[PDB]
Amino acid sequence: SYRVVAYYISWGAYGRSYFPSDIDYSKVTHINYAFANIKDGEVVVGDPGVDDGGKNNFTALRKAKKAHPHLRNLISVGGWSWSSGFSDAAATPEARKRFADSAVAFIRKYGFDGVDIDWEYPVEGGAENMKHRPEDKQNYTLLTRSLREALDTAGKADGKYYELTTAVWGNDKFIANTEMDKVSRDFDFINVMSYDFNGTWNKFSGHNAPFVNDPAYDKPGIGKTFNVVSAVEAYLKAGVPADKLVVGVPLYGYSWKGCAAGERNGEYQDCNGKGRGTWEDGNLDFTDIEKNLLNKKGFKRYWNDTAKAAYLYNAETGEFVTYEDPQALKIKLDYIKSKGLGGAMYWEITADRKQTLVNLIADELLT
């Protein structure tokens, strides 16, 4: 009944030394490969050093498909850094056909089973380099339609079914800026990025993925919809069918340093910038939290029983960590089942080497 959609990051094949051969494919239904880029209106190889050459991640994913007939591998196009080409690609029938034909050509040449559209984000939002136009709201629908038609035609030619999915913002601005009731019919499933609700863009601490609204969290401009249940309910109301709605989970955490304790052990407090990270300041792999911080080395675990979220606080350094604890993740997996949702998605599989969260998701949703 349930999907388990794991993002694999191409750059895992650098210093992380986590290759597709390292994935336990028994723990997933789908791998989304992050990412393909857009160049001159076409889907292109994101990183020739690790994708179709060099470390040859694509070869490794095709090997995995042969070893695991259940497995479906999708190419994720865009993401935070590489979304700047979508607005142009979507804007005219000619641009949409050029884009869609390039997506089909890509999955045929590299052995993928479909396309995940990670457009961050239509109309407004995204990276400093991001490009938008008001017409994105309707053009997201039209680009999706062009892709679905091209993939239908190619699948009939190829004797295969090709999937078409999307990653959608946890922020309900995305719903205001799209037609989820019109476009849902062309996506096999919709990966809700029900995380990144709080982070070091705020000078104060908070939870990356609180389950429900905590009214005790009353910092400027951060309202009552920045939580998993609000995001799920918003997409259902917008016309995403429950069975297509896949709930995103983070396998990373965010950290701040120099957070005041207040009377909440550092929670919702003013801080002094990013805390320690794994591969960059302020961003921790679950592996690192689990090995080095979780009730370890002056970091103490606390549980917010309103938000249903765990955090770590080091009173000596004022470092605050938001991360996905098994206690929170079990609540989310029960919620998926209760609401008849499409399963779970996670960013990203390299960040949990002991498969603590990976195994809980697989145990609860697969059988």
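When you see a residue number, it is the position in the sequence shown, counting from 1.
Once you work out the mean C-alpha B-factor for both 113 to 121 and 179 to 187 from the entry, which is higher? The entry gives the higher C-alpha B-factor average to 179 to 187.
Open item on the list: Mean CA temperature factor from the deposited coordinates, higher in 218 to 226 or in 235 to 243?
Closed with: If you average the C-alpha B-factors of 235 to 243 and of 218 to 226, the larger mean comes out for 218 to 226.
- Among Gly253, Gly248, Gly262, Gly206, which residue carries the highest C-alpha B-factor recorded in the PDB entry? Comparing C-alpha B-factors across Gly253, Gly248, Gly262, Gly206, the maximum falls on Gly262.
**Residue, from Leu151, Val77, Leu293, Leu284, that the PDB entry assigns the highest Cα B-factor** = Comparing C-alpha B-factors across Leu151, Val77, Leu293, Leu284, the maximum falls on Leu293.
* C-alpha B factor of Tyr14, ranked within the chain: lowest, middle or highest third? -> For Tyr14, whose C-alpha B-factor we compare with every modelled residue in the chain, the answer is the middle third.
Exercise for review: Could you say whether, by C-alpha temperature factor, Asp172 belongs to the lowest, middle or highest third of its chain?
Suggested key: Within its chain, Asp172 is a highest-third residue by C-alpha B-factor, going by the deposited values.
Relative C-alpha B-factor of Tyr33, binned into the chain's lowest, middle or highest third: As the PDB entry reports it, the C-alpha B-factor of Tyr33 lands in the lowest third of its chain.
Item to complete: State the tercile, meaning the lowest, middle or highest third, of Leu365 with respect to the CA B-factors recorded for its chain.
Response: Answer is highest: the recorded C-alpha B-factor places it there.
| request: Would you mind checking where the Cα B-factor of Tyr313 ranks among the modelled residues of its chain, as the lowest, middle or highest third? | output: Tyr313: CA B-factor falls in the middle third of its chain.
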